[PDB]
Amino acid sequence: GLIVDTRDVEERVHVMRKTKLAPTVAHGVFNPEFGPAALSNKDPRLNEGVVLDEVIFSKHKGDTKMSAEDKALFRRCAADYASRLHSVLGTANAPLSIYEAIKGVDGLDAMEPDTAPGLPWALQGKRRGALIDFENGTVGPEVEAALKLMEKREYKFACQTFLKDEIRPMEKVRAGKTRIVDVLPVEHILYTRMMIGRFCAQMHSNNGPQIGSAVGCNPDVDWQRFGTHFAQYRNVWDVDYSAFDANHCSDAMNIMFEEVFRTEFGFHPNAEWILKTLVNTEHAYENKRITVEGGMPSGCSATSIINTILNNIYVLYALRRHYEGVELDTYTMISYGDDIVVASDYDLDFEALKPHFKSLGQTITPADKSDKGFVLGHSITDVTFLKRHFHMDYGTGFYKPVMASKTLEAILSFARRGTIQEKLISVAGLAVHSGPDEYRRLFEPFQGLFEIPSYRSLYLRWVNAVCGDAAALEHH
């Protein structure tokens, strides 16, 4: 998105952390090319000659405007994927009850309790237990006063820039490539779930290549659904965007909002409203009130759905803008916002799309960048989706998500203070799929020190998840 150009303000929004993340006993064994991000332009490690606050805003290279015939081409594609979308999800997209928006239907996790509240509830000391009864699902004064307000469209706000205390490859750290999180006022996040909460539920619970979304899925059982499907095709590309989130041009955004969330598909007129408030934003990083047109607010409600709908309409628009007769069945695709796998028989050309894609402000590039350009052949066992490769499992003939040891090792070098035992239980079931030998190497560090799930119990868990009746087949 284009910055008008940031201002001064007298109020000053603290963030600049020091990492809650810390080395582990694994840390010294694995010596990973991975550290906590920078949470301070003062932080030593950091290359010298680096103002951390520069880069955070170097993802705003402008805001591609779109010809009038591209806006029509894009409109069609969005109404088309929208036709598909509501064909599979139905048209029951009535507003959600403040009770659900807080509580959550069957497929919409509740809103989280102890979570930051956005503005200005932190310019005025208050957490989200002070305007909502999380586990009674209950508004209070201003939430309900603003509920009333956005109902009128006479509501307006600002986004609280943050920094992702997270691990990152060492180099990205030194570039000061910290990931931003733009936190929305919690009232907003709530109205949004009312406006489009039943949509997102249905999305979550019909994920699959049919709707091109993997949001809602379980990389751990769903990998089988997905692997067999994608191995039915002669060509499978692993595409990488870049700044995906921030380069959603203003026109692309306003069109999909208009095309996906109309009232003719069951929504309430104000679902376009809450959504379009997301185009031109005000990001308050500290005393800098940075004002931006374009992009998405990474972490603005439904952020992953939106970005997924958008990726889907982009591909189809890039194919539609290069050849004729391209329908949704021309290909197949699954994304999770940024991430995307695509497949096709038609021997399609993806280095011929880069430009058509650059007409929306987006820069695709191959995943295997140590070639040069998009090639044919690649099956679904050369790609990555969500940081997991597709491998088939010896013992079962089933597909399974596998992360590079170097990643797994990264995750296992750093924990928040006294989380190490819990984290490990969690990472145990990721590392299952790396086999018995590596699972073991990967955990030597913590022996006689922490509890380590047996490789065997994690396997039979998995086997029962992927298709329980094969659990029951390792029997008769």
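Throughout, we count residues from 1 along the sequence that is shown.
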Practice item. Give the stretch, out of 67 to 75 and 182 to 190, with the larger mean C-alpha temperature factor in the deposited entry. Key: 182 to 190
Point to revise | Residue stretch of maximal mean CA temperature factor, 195 to 203 vs 132 to 140 | key: 132 to 140
Review point. Per the PDB entry, which option out of 156, 322, 225, 406 has the greatest Cα B factor?
Key: 156
Point to revise | Deposited CA B-factor, highest of 246, 343, 116, 82 | key: 116
Practice item. Ordered by C-alpha B-factor within the chain, which third holds residue 434? Give me lowest, middle or highest, please. Key: lowest
Review point. Residue 232's Cα B-factor: lowest, middle or highest third of the chain?
Key: middle
Revision key, fill the gap. Of the three thirds of the chain ranked by Cα temperature factor, residue 121 occupies the highest
Revision key, fill the gap. In terms of its chain's C-alpha B-factors, the third that includes residue 420 is the middle
Review point. Which third of the chain does residue 428 land in by C-alpha B-factor: lowest, middle or highest?
Key: lowest
